[PDB]
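Asks: Okay, here's the structure, questions in a sec.
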DNA sequence: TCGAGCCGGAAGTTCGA
DNA sequence: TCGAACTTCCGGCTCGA
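In PDB author numbering, the protein residues as written are 10 to 105.
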């Protein structure tokens with residue numbers, strides 16, 4: 010149920026790239042049971058990132074991390090050209 | 001009536017080549 | 001060693017049941 014370290018064989022040393030990590034988990038088969046991955050073009054909707062958020066804060070060594078941290082940090086992620094936010098709903102995420 | 005989610009600017013330490 | 005990178009910090013706004 011963890012196509013993460015099972016597919017790319019994640020090493021315990023040398024943290025991967027942030028958007029690469031999300032993108033790596035993005036193509037997760039179980040994401041359907043923990044989130045919504047439509048099988049059409051390329052649209053990703055966050056229904057209940059309960060484990061995704063905890064894991065996001067787990068790498069940061071924190072007990073519980075608020076998802077607002079993603080909106081506050083991820084939004085500021087407009088550094089170059091990678092994950093853009095969709096002006097649809099407040100939970101719609103998309104990549105280009 | 002009441003609380004929850006949403007995000008602007010700022011600062012500071014550390015990463016890969 | 002160089003420049004850049006992501007996180008955490010402070011507090012204000014508005015809608016739905």
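No residue lacks a Cβ here, since even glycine has one placed at the ideal position from N, Cα and C.
Give me the Cα-Cα distance between residue 72 and residue 78, rounded to the nearest whole angstrom.
Replies: 14 Å
Asks: Who are the near neighbours of residue 10 in its chain, counting only those whose CB is closer than 6 Å to its CB and skipping five residues on each side?
Replies: 39
Asks: Unbroken alpha helix (DSSP H) runs of length 4 or more, entirely within the region 46-89: which are they?
Replies: Scanning the region 46-89 from its first residue to its last, the whole alpha helix (DSSP H) runs of 4-plus residues come out as 59-67 and 77-84.
Asks: Strictly by DSSP, which residues pair up with residue 44?
Replies: Partner(s): none; residue 44 has no beta bridge.
Asks: Closest to residue 104 by CA distance: which of 54, 82, 59 and 60 is it?
Replies: Ranking the options by Cα distance to residue 104, first place goes to 54.
Asks: Per DSSP, what are the beta-bridge partners of residue 101 in this structure?
Replies: 54
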